[PDB]
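Inspection log for the structure reproduced underneath, given as structure tokens.
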Amino acid sequence: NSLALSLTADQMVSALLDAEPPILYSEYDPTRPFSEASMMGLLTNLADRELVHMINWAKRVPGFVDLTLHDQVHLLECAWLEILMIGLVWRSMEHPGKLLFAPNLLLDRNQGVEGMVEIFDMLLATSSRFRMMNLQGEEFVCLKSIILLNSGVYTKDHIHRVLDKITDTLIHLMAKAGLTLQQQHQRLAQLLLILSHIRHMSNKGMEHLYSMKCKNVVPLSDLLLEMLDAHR
Amino acid sequence: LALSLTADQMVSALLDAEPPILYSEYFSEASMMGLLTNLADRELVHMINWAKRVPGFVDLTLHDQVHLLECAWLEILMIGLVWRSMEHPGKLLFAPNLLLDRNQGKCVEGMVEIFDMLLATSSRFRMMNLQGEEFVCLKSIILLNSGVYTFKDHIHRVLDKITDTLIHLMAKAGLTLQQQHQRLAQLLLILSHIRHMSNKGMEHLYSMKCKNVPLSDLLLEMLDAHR
Amino acid sequence: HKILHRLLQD
Amino acid sequence: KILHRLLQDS
Ligand SMILES: Oc1ccc(C(c2ccc(O)cc2)=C2[C@H]3CCC[C@@H]2CCC3)cc1
Ligand SMILES: Oc1ccc(C(c2ccc(O)cc2)=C2[C@H]3CCC[C@@H]2CCC3)cc1
């Protein structure tokens, strides 16, 4: 048996909210500006530290513990950049035109690397989309968990069971928010369509990292090399 | 005009705009990619005309129509392929006279991985018992959504209409309210995987260009749109 | 200009 | 695998 299927929507939200990783700080000092190496150096250091919290966060996600060690590795290997991005997009939600990689690291469209502006714009666009939708924290934590369980599910009936539970959780929140039945379906559809774009940004971002790796620009951490190799 | 149509009139319009199932030219690496390039190139011409028959797509500017097609053309081909291969488990029905196996994807480097993802998506549709009415809605969603954030209110309004249409079909199928929410979510989550396959396939086609079978002029343009 | 332009117009 | 270790502990 499992415990994720048993939890109600309110207890589902609570568990996810309680599981939320902290917002890590960067090593950024506003002294020297950013070269293509220094900026990516900061981001690599930041992302590598974020991963450690994500892995332990994933173990707090209802149902993820019930999975095998092999399956847990696969799901994290597939969705780690997606989860980083949606977290990034969420942090930058109330900072129009900016990306909040860290509270002390606020990057503009001008800042940032050959091929970074394309990814930045898509990230900014996603952030602008969350802002117009007035995304709630309760919806965000649900979406982030959906990405973890979904992004590597076709590469299972229990995973789809938890996924269905998160769907119910989302609808329950919208019903509470006073939305009509058709407004719930529309917003539910709107939220999940964004995940397709987050997937797109991840694939684009992943290819940029592999480009940075082979070019031997700034050295990637040992964990980031492993997560990147899993995408080949 | 798209917003005016009811759910029934939305389905009927999409069902009527459906592109035909084309045939392949009547394998190694070169011969297979030659047949697929020829096939995909002829499908694109029908897709473009199909897109123009999609409610709300005509109302967009010429530039926006171009951008959307450039973004999702491989996604649209794939979901079509996946749908055609639904009642052929383990097989990919690229064309009625071109049935490809998982072992046939091995003689092209980095294609057997894309085959399995496609086969898994087809298996997922088969398990969900995906309906043709549902399929035409999903394909239209891919067309309007995949390139909407790389730009809007009208596109999001048509997307909401197709959502209303999707729910309508399930509500007419006899599904309960929570069953409608869950099935809708399940369908839309698959689109995230279709995007993934598309980006993988796109990178595979780029390797093909950086090796000189000759891609068609149209395909080269659709490909170049992904930098 | 792109070929896609013509096919969308014709 | 680092991801394998960080997952299994403790
Ligand atoms: O929270 C985040 C932290 C960092 C990032 C970083 C990143 C940088 C270096 C890495 O080695 C790994 C990731 C990504 C951002 C978005 C996609 C790729 C990259 C590079 C550009 C910005 C994205 C989100
Ligand atoms: O119906 C379809 C027809 C072809 C395809 C395309 C394709 C092949 C050659 C091209 O020049 C362009 C695309 C392929 C399939 C999907 C991924 C890319 C490629 C390679 C293997 C399968 C996908 C669906």
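Throughout, protein chains are lettered first and strands after them, A, B, ... in sequence-line order, and every chain is numbered starting at 1. For the numbers below, each heavy atom of this structure counts, side chains included, while hydrogens, waters and symmetry mates do not.
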Separation of [Y] [atom2] from [X] [atom1] (nearest 0.5 Å):
{"X": "A/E77", "Y": "D/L3", "atom1": "CD", "atom2": "CG", "answer": "5.5 Å"}
{"X": "D/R5", "Y": "A/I55", "atom1": "CZ", "atom2": "CD1", "answer": "9.5 Å"}
{"X": "A/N56", "Y": "D/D9", "atom1": "CG", "atom2": "CG", "answer": "7.5 Å"}

Legend entry - Under 3.5 Å donor-acceptor, A/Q72 side chain and D/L7 backbone: no

Inset, instruction - Decide yes or no for A/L223 and D/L6: does some side-chain heavy atom of the first lie under 4.5 Å from some side-chain heavy atom of the second? - result: yes

Inset, instruction - Could you pull out all residues at least two apart from A/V141 that satisfy side-chain contact (heavy atoms from CB on, under 4.5 Å)? - result: A/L16, A/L17, A/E20

